[PDB]
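Two separate entries follow, structure 1 and structure 2, each one form of the same protein chain as structure tokens.
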Structure 1
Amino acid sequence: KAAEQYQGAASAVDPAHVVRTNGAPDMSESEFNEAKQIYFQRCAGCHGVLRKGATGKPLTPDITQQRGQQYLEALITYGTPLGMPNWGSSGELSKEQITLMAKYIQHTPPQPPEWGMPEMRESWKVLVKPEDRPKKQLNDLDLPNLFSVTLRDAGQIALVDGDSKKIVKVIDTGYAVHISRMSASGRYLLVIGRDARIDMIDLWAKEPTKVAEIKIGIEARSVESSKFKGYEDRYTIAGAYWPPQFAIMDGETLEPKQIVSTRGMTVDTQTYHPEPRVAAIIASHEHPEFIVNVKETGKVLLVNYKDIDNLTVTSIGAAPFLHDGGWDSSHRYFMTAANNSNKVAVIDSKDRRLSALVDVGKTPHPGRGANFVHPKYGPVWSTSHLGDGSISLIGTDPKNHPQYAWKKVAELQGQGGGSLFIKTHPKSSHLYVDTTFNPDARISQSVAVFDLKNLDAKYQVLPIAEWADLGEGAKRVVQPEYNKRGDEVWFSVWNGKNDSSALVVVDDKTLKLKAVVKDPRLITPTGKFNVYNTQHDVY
């Protein structure tokens, strides 16, 4: 009773300013669920789970009811020239369905489940204990030259032998694996699905097999391993889109250790954002840390794992909509794209500060980028764009080239916009650029190639999907990727689930077709990661 009177006073919060949400149009269960289904299949991607993920005004009740039924239907029907597609004019959705979506977004956002340690541990499984694993490589595969390829819609990945061009093993994983990363020892391949399901694969087993698995959220895209001297296979980190968090697990067993929320204040307006999805994650070579990208808030977190019981995080402000990125040639500066802000943030991992924000083209999408030495400007890091056909070259040598450091030193012009990946290798005098989402089929099915030794000459167009000899289907070409020795570049001919796909290999020295990988198992091939190049960040 004493403690009850102690905490008995009135809250300083005024009841009058605490608002009940409603005033939305009536819709039955059948109706609400149908809309909700359409929302996560078609809208959530850009707008997010809580509808504050896209640029412009959020789709929350305060705003939507202000706009009204008519405006919403009209907006959803025709779209806008700023990234919002037209669902009615295209014939994607029916007027009946648009009427439902307009009603739906006027309601409070249905809540998805949280996912903490109890859920994580429940999902955690150690298939083969560290003790029961081989002490040395039990097969005679050339592991460094192996290619972990994603068989997207199949919810699997295929290990492809570099030299033989044959599929060695097919493994079941989470749905639509987004990326593959390698442990610092080069022994374990880590894969994570969009469903946030991670799988640890042992390349030393007689036949490469899964030794651990866990689910770190409802939705995810990134996973990474400790790469600081003396931390080989110590920790594994993964970022989720929902819930807004990242989890640190044991590098050997995938046992969940810490889960950290990314919900917080934005860099630009410094207001609270309830859903800051975790984008790229890269491991620091200068300090025992993980460099995490937090999209909507535009923050780059340096999570120190030297002591994970008492986690130390340094929050660096960058720019809103942080997505992909990669290291500069020296592996000290994290060159990351803030695509909707049309900028590239430079994070110094040694000094641990934002070195600069470079202005670039419309919607920069560098992937991990492409590093090379410019004859005139010295070391540069480059990126292509989704918003245009330009390629930005940024100087990355502060020490010996201060005149060009962090400057969009020069540009190149590819086939057009819709570009996803740019690429090159130390031993190569070529630069590859795809155009996966370019609305012109001929362009989307081919890749441009520049001559690093004559940057003034126009690119050469390589007909990848055509060299595939596949037949009907979109046949979208995506992500150029070199082999261990960098004498050949691989491309994925991303065709439909019921269509035929392939992996095309070009002779880097001659720019001629060298091979074409086909297999009934190769369904919707997307990302490809050569074991050596991914592990040693060779790009």
Structure 2
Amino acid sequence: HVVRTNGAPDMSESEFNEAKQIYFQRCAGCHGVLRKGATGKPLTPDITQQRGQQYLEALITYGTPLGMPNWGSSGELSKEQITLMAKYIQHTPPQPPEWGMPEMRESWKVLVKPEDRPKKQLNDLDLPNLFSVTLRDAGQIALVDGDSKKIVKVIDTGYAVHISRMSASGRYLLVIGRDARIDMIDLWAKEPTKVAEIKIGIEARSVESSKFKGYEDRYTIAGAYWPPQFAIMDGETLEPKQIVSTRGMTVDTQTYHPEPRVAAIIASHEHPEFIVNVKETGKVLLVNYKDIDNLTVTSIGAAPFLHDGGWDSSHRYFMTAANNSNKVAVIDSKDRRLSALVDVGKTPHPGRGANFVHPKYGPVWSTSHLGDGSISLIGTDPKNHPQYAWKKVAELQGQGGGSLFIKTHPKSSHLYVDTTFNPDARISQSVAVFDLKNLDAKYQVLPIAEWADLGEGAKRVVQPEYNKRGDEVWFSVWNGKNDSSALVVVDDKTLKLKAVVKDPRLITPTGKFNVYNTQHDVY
């Protein structure tokens, strides 16, 4: 047969199915399963037909400097395949494929069997103080030694590399990409080495390890945007064990939703459970892995379009926000119930938040507001500060909007606030630091990008991350003009510049994950 779309170059039924398979294996992680866009732009026929075949071939062939791979000049895709892809994205988007146990098992690779792995750490690295750094546009992670401020390893994962997580033993580093590829890295090998890989879906954002006491390295979980599902895997091998669909009913209208994406997963410390946020249906699932054949799930209704979330300081209450809402949902992971919906007056910015002790209000959890740069504080201690629990107690004011990350550490007296997307260049190039011992005082500004010494041009600073001791804070810096990058390290006790990590291998550093602080949910 012939596939035809108004205004599109007709294709063979075989050409279309070949392009379909390429699209969902290689493109959908960034462009979406219905091509509506995510990290990458929309590729629906209204837009692509306006660009035309030859423009589309050119873009796919050479890529762009802002994260679109050069599929042709890389050799990843053939001239003929690129022509097929340029034709394909001008046709109506088809139904995306499913991805079950057969597809997962076919993608599963064990490079080093558990019995062939070392019995102890064979390298001499200070593993808890390693930083795993995403090299966004290079499809790699870099392992950076926190003590010597040197790159010690670079590891290929794939385009669309996203985040790193740690197993509860501290031995295994887990990386997931937006195409739902997972890599498992053994930090005890003579040089840290990939030991297993698997693909759990077409599009994904989240991975996590089992962190309840006694379950170290037992299970790894991953959540997909498409298909709407999460998968529980063997923590030692990534062998897929259980797959659970998240298709289902919405919390607000109780009508069936055909694509409830998994937004985020964190690991419970109160029970052997994973906390799974399901976005469109607005459900927080507590998934119990004490028995994975007789699988227990508690579904807590929260609010539609759930985003990220994070633990409070006690690791009991899960603080989460939904888009289009001024409320923070508080899930009690111990009693397995919704505890509160906290009005913070403004829309909270998705993220783990930042926990610290307010001298007056006691333990608080904090969230930023993207538009105006304010930060809301919520009391999180029903035991000793019941008069403040699940209430907004205060508001701090940063330099302005555009913050992506706020960060503290239990051993630090400072709160760091970036302003990556602020439209003023001096503010996007700097970070605000609040004194937790005098929260009535204005923040101080650290000139992070200037310290990086990267030449003239637009520089953006992102994501404060502490070292294992809590006495250094690391920042990613990148000059959009010349492709140049650095990690800037501040002494948290003095607020002085301590080090600048520069290396040609440090390509578009974005997320930085300190091993200890990621393993132990320290924020």
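Whichever C-alpha set is largest while still superposing within 1.5 Å between the two forms counts as the rigid core. When a residue number appears, read it as a position in the sequence of structure 1, where counting begins at 1.
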Problem set entry | Mobile residue between structure 1 and structure 2, C-alpha criterion 2 Å or more, rigid core, from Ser355, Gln97, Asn304, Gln156 | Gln97
Exercise. Honestly, after the rigid core fit, is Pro130 moving at least 2 Å at Cα between structure 1 and structure 2?
Worked result: no
Problem set entry | Threshold 2 Å Cα movement between structure 1 and structure 2 for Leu393, core superposed | no
For this session: Return yes or no for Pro110: a CA shift of at least 2 Å between structure 1 and structure 2, with the rigid core superposed?
Result: yes
Seminar exercise, completed: With the core held fixed, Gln258 moves its Cα between structure 1 and structure 2 by a number of Å equal to 1.0
Seminar exercise, completed: Taking the rigid core as reference, the Cα of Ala337 travels between structure 1 and structure 2 a distance in Å of 2.1
Seminar exercise, completed: Taking the rigid core as reference, the Cα of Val49 travels between structure 1 and structure 2 a distance in Å of 4.4
